[PDB]
Every structure is written in structure tokens, then in C-alpha cells.
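Peer 1: Residue numbers (this note's numbering): 804 to 1263.
By construction, the Cβ of each residue, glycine as well, lies at the ideal position given by its N, Cα and C atoms.
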Amino acid sequence: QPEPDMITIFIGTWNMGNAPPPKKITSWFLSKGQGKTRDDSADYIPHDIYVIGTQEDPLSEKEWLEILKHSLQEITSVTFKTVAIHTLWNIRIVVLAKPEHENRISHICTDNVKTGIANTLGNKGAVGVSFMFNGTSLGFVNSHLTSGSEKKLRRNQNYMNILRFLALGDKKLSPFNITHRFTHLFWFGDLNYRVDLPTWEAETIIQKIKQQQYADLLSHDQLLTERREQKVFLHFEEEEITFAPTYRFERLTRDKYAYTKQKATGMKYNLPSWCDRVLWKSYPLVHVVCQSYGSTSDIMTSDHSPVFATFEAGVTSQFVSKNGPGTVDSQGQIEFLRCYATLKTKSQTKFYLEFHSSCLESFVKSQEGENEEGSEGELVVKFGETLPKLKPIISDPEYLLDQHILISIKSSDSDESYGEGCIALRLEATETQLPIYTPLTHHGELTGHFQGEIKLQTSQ
Ligand SMILES: *Sc1ccccc1Cl
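(1) Do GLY928 and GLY942 have their C-beta atoms closer together than 8 Å?
(2) For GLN1121, which residues in the same chain have their Cβ closer than 7 Å to its Cβ, ignoring the five residues on either side in sequence?
(3) Give me the pocket residues for ligand 1, defined as CB within less than 5 Å of any heavy atom, sorted by chain position.
(4) Rounded to whole angstroms, what is the Cα-Cα separation between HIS983 and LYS1066?
(5) Taking three-plus beta-carbon pairs below 8 Å as touching, is the stretch 984-1001 in contact with the stretch 1187-1201?
(6) Using the Cα positions of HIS1252 and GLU1181, report the straight-line distance between them to the nearest angstrom.
(7) Does the beta-carbon of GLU859 have 16 or more other beta-carbons within 10 angstroms, so that it is buried, or is it exposed?
(8) Rounded to the nearest angstrom, what separates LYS954 and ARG1080 at their Cα positions?
(9) Any heavy atom of ligand 2 closer than 7 Å to the beta-carbon of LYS955?
(10) May I have a chain-ordered list of the alpha helix (DSSP H) segments no shorter than 4 residues that lie completely inside the stretch 958-1046?
(11) Use the C-beta contact count for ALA900: other C-beta atoms within 10 angstroms, 16 or more gives buried, fewer gives exposed.
(12) DSSP three-state call for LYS865: helix, strand or coil?
(13) Going by C-alpha distance, which of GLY1247, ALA1005, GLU1171, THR1261 is nearest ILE965?
(14) Roughly how many angstroms lie between the CA atoms of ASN1174 and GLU1164, to the nearest whole one?
(15) Within its chain, find whatever has a CB closer than 6 Å to the CB of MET819; leave out the 5 residues flanking it on each side and keep chain order.
(16) For the stretch 976-995 against the stretch 944-964, are there 3 or more C-beta pairs whose distance is under 8 Å?
(17) Closer than 7 Å by C-beta to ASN915: which residues in its own chain qualify, once you throw out the five before and the five after it? Chain order, please.
(18) Taking the alpha-carbon positions, what's the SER830 to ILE1210 distance?
(19) Is it a yes or a no for the stretch 1009-1026 touching the stretch 1042-1053, going by three-plus beta-carbon pairs under 8 Å?
(20) Taking the straight line between their C-alpha atoms, what separation do you get for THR1261 and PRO825?
(21) If we call anything under 8 Å between Cβ atoms a contact, is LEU1204 one with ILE1197?
(22) Smallest Cα separation from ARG895: which of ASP846, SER1133, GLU864?
(23) How far does the alpha helix (DSSP H) with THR829 in it extend, from its first residue to its last?
(24) Would the beta-carbon of residue 1315 fall within 8 Å of that of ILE878?
(25) Once the 5 residues before and after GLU903 are set aside, which same chain residues still bring their CB inside 6 Å of it?
(26) For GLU1115, list the residues DSSP reports as bridge partners.
(27) Applying the criterion that 16 or more other CB atoms from any shown protein chain within 10 Å of the CB defines a buried residue, is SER834 buried or exposed?
(28) Where DSSP assigns a beta bridge to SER1211, which residues make up the other side?
(29) Beta-carbon within less than 8 Å of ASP846's beta-carbon, same chain only, minus the 5 sequence neighbours each way: which residues are those?
(30) In whole angstroms, give me the CA-to-CA distance for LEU1230 and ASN945.
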């Protein structure tokens, strides 16, 4: 039975509004309703992995697991295995996988982050799961961010706290936050970004939704605008939104948006908004294709509609050679030429690099670079031809060209990372000097750039 080189992943996000679900929720897992929907001819084909994020979930873990497993069994005739479940308050993540994947999945991690301080600590934050699927690391974050049209900055702050403090993936990757630890990272939830139009325009917005004319609403969506100004979710992707706003509905119909201010809303308007979202970030030149992104039309217990997204995701096998793992393969090497970091820091300390990759026996520290002044005020850290030669554990090009090198630039004075990035070894050529480039971030904010040339030797 061959190891897969592609899997499909279902991501669901639903804010349940502290109400039990209806008896049938299969439309969610079938990607049926509004938006980019799944072909009917696929309905019996199980996804490899289902990741369900809920918010305002009133159920016990046991109650929800029974609903989910029985739903998937009805659709697919497959009894899914529970990989992980983690709940913080009423925020929950469930990972289910086909039974054939049980011995492909390992290194399962769960964590949560509580956002806010005093007043604002007590119901918002995130849960997450990570694991290895054969040679591929997968991370999943379900967040319920701060509500309210006038709190987009708080949401962005909640995002940065979650990506700093959520402890998933390989703890040996100590310089790297969750935005660098995974081949594929899926981040979803009730992100709570709103359509930022005047209150007086509520009936106009509803009119536009009834006509399926979303363009003038999406141009005011706070997540799209904040992402375009690099205030949040830098270097993440989102599929085009082609479904109606998923909030705020009157319960038991989808015929009505409930937007007017009420005691129950803290006298806040809730103009129709795309609160409920799925974003991803995959390492460079790895296959990831969104095959659905939409909302259900027939699940009406909540003031939110469920959102679904599905993905094709490239995966690799757990490679063994005569040599690595447990030694190097002298036939493999990674060299760096003409490399320099450009950093935004106003500080003057020496810097060195760390190279981290599961193709190395352990991480590699460089010598200190040479600091120069850039012509527009920047710090340029020159490594020239001084970076070490990296010794991969396996030289086979079928393995090595599928790997990635994480790079941290660290202060010699403090050993604190000033920037993190990632370089794909999926090169156009081996034994050939080729340009490389990554942006550098720290706490998910842009801090600089790393560029230079690479020369990769494989056993071919
Ligand atoms: S499994 C895991 C991942 C990251 C930090 C700590 C742990 Cl136990």
C-alpha cells in the first residue's frame, strides 16, 4: 500500500451561539451551500483529515465527538479516528482522520492561548493542534478573537499573542513561532473582523447581499484591509470570498440579518460581516490548493453560519536510506554564496545565523556577519561566502529537493532572534548557483530580508 504524496484536509469553523446544533449538519462536511462548493460527484469520498473549530460551543467534548463521528459515518461509511480534541472555555478544536492514517500520524501536540488582561481575559483566545503526517508537519489554529466593529486593533493584538505563545510543533525549533514550524499551517475561527461601513448603510448592505453583490462589501472587510496594510496575518493566504456574510443572522431562518443595537449586544450594531474565516500558510513551493470555501445555508441554530474550506496538501514519506537517519550522507551538501540579511533594527550588535531543518542532524550556527550601512539607512549584515556547508542526513534528491531550511538571524549579545524565514530546496537545478530569498519576520511582523545564492548537491 503506497504512501500518499497528496491528502485532502477539511477545515470547518462554526460559532454555535451557545445553542445545540440541529439533528443534521452533513452539508457542512460536504462543502454545500454558498461560495466555492464541492462537486456532488465527490460526496462519498472522505477527506483524509477533518479539523473542526467551534466557538461558543455549549456541548461537552463527548457530545460533540458523537455528533461529528456519526455525521462523517453517515456521509462516508467510514468510522473516523480521533487524533486530538482540545477545549478552552467554549472554543474547541477536533481533529479526525481516516483509520488508514493512524500509523502515519505522530507527535500530536495541543495548546491554548487566552487573550486579553483582567476585563478582556476570560472568554477569547485560541486552541491548536499539531502533528506529523509521515514526513510533513501540520498545524491548525482555531481562534475566537475580540468582537466589535471598533476593535480591529485588539483583534490584531490577539493574533500576535496567539502566534507568539501557542506552543505547537517541534520545541527544538526554539527561534520559530507557529508561523514557521509547519509545512502547512491552517488558521481559522471567528476572527470577528467586520464590514466597516456606516451604521446608516445597514439596509443598503442587506440589499447588496440579496443581489449577491459582495465587491463593495469585501472592499470594506477589516481582515482584507488590515492584511493589505500588513497589520495582521502577514504571508497567509485566503481563498476569494464568494458566499454571503456569515454573521449576524436571526436564528432558525437565514432570511434575516439581525444587525440593530440591543441590550444583549451591549448596544452595538452588528452589520453583516464575514466574521468566520479560514486562512493558511504553507512553506514555499509546497502544493496546497483550496478546493472549496463557503458557508452552509441549512444550519440555522446559531446567529453564525458554519464555514467550510477544503484543501489538497502535498505530503512526503518518512524517508529511510542506508545512511540517514542516524548519520550524514557525504554525497549531499548545501552551500550559500553572496548572502546578506537586511534588517529594519535601529540597533548595532553583531549578528549570526542559525539553520534549522529536519534534513540536518541538528541546527547549525554560523560565524558573525559583517555589518554595513545600507544607502537608505538600513542595517546590512554580510555573510559573503562565510556561511557553513550544511550536511544533510540523506542525499537522495527525491528527499532533499522536498526539504526546507528555516533561518534565524540572532544577536550575538542577547542570542534573541531578530528575524525568521524559510528557504525551499525545490531548486530549478542542482550543482548550480541559484538565487534564494526569504522575508524575515519576528512575532509575525516584517523585520528584514535574507537573500543570496544557494548551491545544492544531491546523489544525482
Ligand atoms: S507537543 C509540544 C509542542 C510544543 C511545546 C510543548 C509540547 Cl509538549
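Peer 2: Let's see:
(1) Within the sequence shown, the letter at position 125 stands for residue 928. Within the sequence shown, the letter at position 139 stands for residue 942. For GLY928 and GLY942, no; Cβs fall outside 8 Å.
(2) Counted from its first residue, the sequence shown places residue 1121 at position 318. Sequence-distant partners of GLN1121 (beyond 5 residues in either direction) whose C-beta falls short of 7 Å from its own C-beta, in its chain, are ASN937, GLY938.
(3) Result (chain order): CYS912, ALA970, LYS974.
(4) Reading the sequence shown from its first residue, position 180 is the one you call residue 983. Reading the sequence shown from its first residue, position 263 is the one you call residue 1066. For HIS983 and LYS1066, the distance between alpha carbons rounds to 43 Å.
(5) The stretch 984-1001, when compared against the stretch 1187-1201, does not touch it at the 8 Å Cβ threshold.
(6) Here residue 1252 is taken as the residue at index 449 of the sequence shown, counted from 1. Here residue 1181 is taken as the residue at index 378 of the sequence shown, counted from 1. Straight through space, the alpha carbons of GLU1181 and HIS1252 are spaced by roughly 11 Å.
(7) Here residue 859 corresponds to residue number 56 of the sequence shown, with the count starting at 1. With a 10 Å radius around the Cβ and a threshold of 16 neighbouring Cβ atoms, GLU859 comes out buried.
(8) Here residue 954 is taken as the residue at index 151 of the sequence shown, counted from 1. Here residue 1080 is taken as the residue at index 277 of the sequence shown, counted from 1. Straight-line Cα distance between these residues: approximately 17 Å.
(9) Judged by which ligands are present, ligand 2 is missing from the structure shown, whose ligands are ligand 1.
(10) Qualifying alpha helix (DSSP H) stretches, in chain order: 1005-1013, 1018-1021, 1025-1031.
(11) Along the sequence shown, read from residue 1 onward, the residue named residue 900 stands at position 97. By the 16-neighbour rule on beta-carbons within 10 angstroms, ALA900 is buried.
(12) Position 62 of the sequence shown, counted from the start, is the residue given in the question as residue 865. Three-state result, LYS865: helix.
(13) Along the sequence shown, read from residue 1 onward, the residue named residue 965 stands at position 162. Checked all of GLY1247, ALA1005, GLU1171, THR1261; the closest Cα to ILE965 is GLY1247.
(14) Taking the first residue of the sequence shown as position 1, residue 1174 is located at position 371. Taking the first residue of the sequence shown as position 1, residue 1164 is located at position 361. C-alpha separation (whole angstroms): 30 Å.
(15) As a working mapping, residue 819 is identified with position 16 in the sequence shown. Result list for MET819: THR857, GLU859, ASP860, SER1105, in chain order.
(16) By the Cβ test, the stretch 976-995 is in contact with the stretch 944-964, since at least three Cβ pairs between them sit closer than 8 Å.
(17) Mapped onto the sequence shown, residue 915 falls at position 112. Once the five neighbours on either side are set aside, the close Cβ partners of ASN915 are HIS889, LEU891, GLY928, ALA929, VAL930.
(18) Residue 830 sits at position 27 when you count from the first residue of the sequence shown. Residue 1210 sits at position 407 when you count from the first residue of the sequence shown. A direct Cα-to-Cα measurement between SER830 and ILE1210 gives close to 42 Å.
(19) Yes: at least three Cβ pairs fall under 8 Å.
(20) Residue mapping note: residue 1261 aligns to position 458 of the sequence shown, counting from 1. Residue mapping note: residue 825 aligns to position 22 of the sequence shown, counting from 1. Going by the C-alpha atoms only, they are around 56 Å apart.
(21) By one-based count along the sequence shown, residue 1204 stands at place 401. By one-based count along the sequence shown, residue 1197 stands at place 394. The beta carbons of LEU1204 and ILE1197 sit no closer together than 8 Å.
(22) The count along the sequence shown starts at 1 and reaches residue 895 at position 92. Each of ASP846, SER1133, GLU864 was checked against the Cα of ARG895, and the nearest Cα belongs to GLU864.
(23) Position 26 of the sequence shown holds residue 829. Judged by DSSP secondary structure, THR829 falls within the alpha helix (DSSP H) whose first and last residues are 829-832.
(24) As shown, the chain starts at 804 and ends at 1263. That puts residue 1315 outside it, with no answer to give.
(25) Numbered from its first residue, the sequence shown carries residue 903 at position 100. Closer than 6 Å at Cβ, skipping near neighbours: no residue.
(26) Along the sequence shown, read from residue 1 onward, the residue named residue 1115 stands at position 312. In DSSP, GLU1115 forms a bridge with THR811, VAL1092.
(27) In the sequence shown, residue 834 corresponds to position 31, counting from 1. Looking at its Cβ environment, which holds 16 or more other Cβ atoms inside 10 Å, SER834 is buried.
(28) Working through the sequence shown from its first residue, we reach residue 1211 at position 408. Looking at the DSSP assignment, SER1211 forms a beta bridge with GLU1157, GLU1223.
(29) Here residue 846 is taken as the residue at index 43 of the sequence shown, counted from 1. The beta carbon of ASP846 sits closer than 8 Å to the beta carbons of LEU833, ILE878 from its chain, once the five residues preceding and following it are set aside; these are given in chain order.
(30) As a first step, residue 1230 must be located in the sequence shown, where it is residue number 427. As a first step, residue 945 must be located in the sequence shown, where it is residue number 142. A direct Cα-Cα distance of roughly 34 Å separates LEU1230 from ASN945.
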